[PDB]
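Shown next as structure tokens: one chain only, the form deposited without this ligand.
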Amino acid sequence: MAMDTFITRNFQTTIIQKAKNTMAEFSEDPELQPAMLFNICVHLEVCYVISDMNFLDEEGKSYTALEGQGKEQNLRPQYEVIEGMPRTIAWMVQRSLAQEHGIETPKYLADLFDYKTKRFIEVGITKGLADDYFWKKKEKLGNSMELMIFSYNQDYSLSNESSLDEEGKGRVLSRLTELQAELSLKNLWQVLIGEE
């Protein structure tokens, strides 16, 4: 099975197209770098999954999607998802958010903004070990963003003060575990170069 085919059979078309658009923004070709396309797809999916799990009411109280059902009109998502927007627009969303909350605009483009903590978030996904990648991304980012790191081997690196709960962590990690297993069944795994 081609990685191209793996991608088609394992991700939503919406995810795939955004991933291709990102590679277009980066002038890279999906056909020539399927590992990169896969990586972008997984990253996108993680960001959306994280952002659909928490809501905040007007008073700042935190709800899960289930707990909040019937009240959603009166809730707003806890995280703004910046990843997956066209990049040119994303930069301006980031700036707008920073300005609205009286905080510094980060130098680099974030993946999420946490309305509760008023922090930008960078999400990382590794085939290696989460803490190693945390330290690497720290060199670039400093304290400019919260890092949320997940790995395909149930490893992760999250702030003690992250808004993501056990259930949400579990949901991200299970999907990654599931992808690793599916990749392996097609012998696409030990081929893979990940985000690290």
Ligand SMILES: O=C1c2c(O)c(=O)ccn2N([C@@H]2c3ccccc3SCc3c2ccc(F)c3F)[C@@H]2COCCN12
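Sequential numbering from 1, following the sequence displayed.
This protein has a second form, the form deposited with this ligand bound, left out of what is shown; the following refers to that one.
May I ask you to choose, among 56, 129, 158, 36, the residue with a heavy atom within 4.5 Å of this ligand in the entry with it bound?
Of the candidates 56, 129, 158, 36, 36 is the one lying within 4.5 Å of this ligand in the entry with it bound.
At 4.5 Å between heavy atoms, only one of the stretches 150-158, 22-30, 56-64, 164-172 reaches this ligand in the entry with it bound; which one is it?
Every other range fails; the passing one is 22-30.
Using 4.5 Å between non-hydrogen atoms, is residue 83 touching this ligand in the entry with it bound?
Residue 83: contacts this ligand in the entry with it bound.
May I ask you to check whether residue 137 falls inside a 4.5 Å heavy atom distance of this ligand in the entry with it bound?
Yes, contact at 4.5 Å.
Considering only heavy atoms, tell me if residue 114 and this ligand come within 4.5 Å of each other in the entry with it bound.
Answer no; every heavy atom of residue 114 is more than 4.5 Å from this ligand in the entry with it bound.
Going by a heavy atom distance of 4.5 Å, is residue 40 a contact of this ligand in the entry with it bound?
Yes, residue 40 lies within 4.5 Å of this ligand in the entry with it bound.
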